[PDB]
């Protein structure tokens, strides 16, 4: 089994991680870490390093990879949550896809019934399409990485489950993403505009003229598709039931301070991502957006798809302090 070989490789390469079997999931070698909220996510394999490369201090306590582009089953999520539970509750970050919501929601209920204090955060940052192939609402993509880091920092500093959940939901309402593909993981000089991370169709197929023009279209779309009202359910652990909550996003606007993530979907040369970033900085400056921090590289991929995404997340001083906080994971590492 190739997936078995890949996870074995991950484990051998990173002694800070523990690979579990029966069922398979990955945790920090030091979990459970007593006295801190534990943070967990997961989803299909094929988006590496999301989510296993984000396991470590200041980020995820553990993650649950599934088969390629397929959500992990509920047993994996339940066992991973039980293993990382430090007695202060477990926060589940769930990307918005039919399969992930179903499986993570089922695990949430199993956890609650086993006495674990748990709650959830749903990620729906992809501004391209409402009601895609495998999503009710908007797709969860690269902003998931930014939210994992920020909520990770808050959990590491000792914030409560409620505080971490509330921060995650607020960040979700302030982050906006869009991706394009020049080739699947199929048209020649044409791009799939607003593509999804498991290959879902975008807004349309349109001609690729240049990098700068593609970035302009992506950026313009982030500015005009920002406004969004929708229901996102979260687990209320006090009542032991799903709570329907109306959630609102405001469009990105002049005067906003943002973190920018220019993300390789798989086979885009890093030199090109820097070209993207150069045009993005120009457009942000023209629109009154101040990019305060950035990440450029392969953070939320789709196998070997040729393409990239842009994520802009609105932030303030407190959120920037959470960004600057230490993180020690395979894919992201910085100290004070």
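Residue numbers count along the first chain shown, from 1. What we label the rigid core is the largest C-alpha set whose atoms superpose within 1.5 Å from one form to the other.
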More shifted region, core-based fit in 4 other deposited structures of this protein, 82-90 vs 186-194 by CA: 186-194
Farther-lying stretch by C-alpha RMS in 4 other deposited structures of this protein (rigid core fit) among 176-184, 198-206: 198-206
Unmodelled deposited residues flanked by residue 185 on one side and residue 186 on the other: 10 or more
Average Cα temperature factor in the PDB entry - higher stretch of 25-33, 279-287: 279-287
Given 152-160 and 226-234, the range whose Cα B-factors average higher in the PDB entry: 226-234
Residue with highest C-alpha B-factor in the PDB entry, from 40, 267, 50, 298: 267
Top Cα B factor in the deposited entry, candidates 100, 79, 200, 109: 200
B-factor third for the C-alpha atom of residue 255 within its chain: highest
Record-listed C-alpha B factor of residue 64: chain third: lowest
B-factor third for the C-alpha atom of residue 8 within its chain: middle
Residue 310 by Cα B-factor - lowest, middle or highest third of the modelled chain: middle
Third of chain Cα B-factors occupied by residue 174: lowest
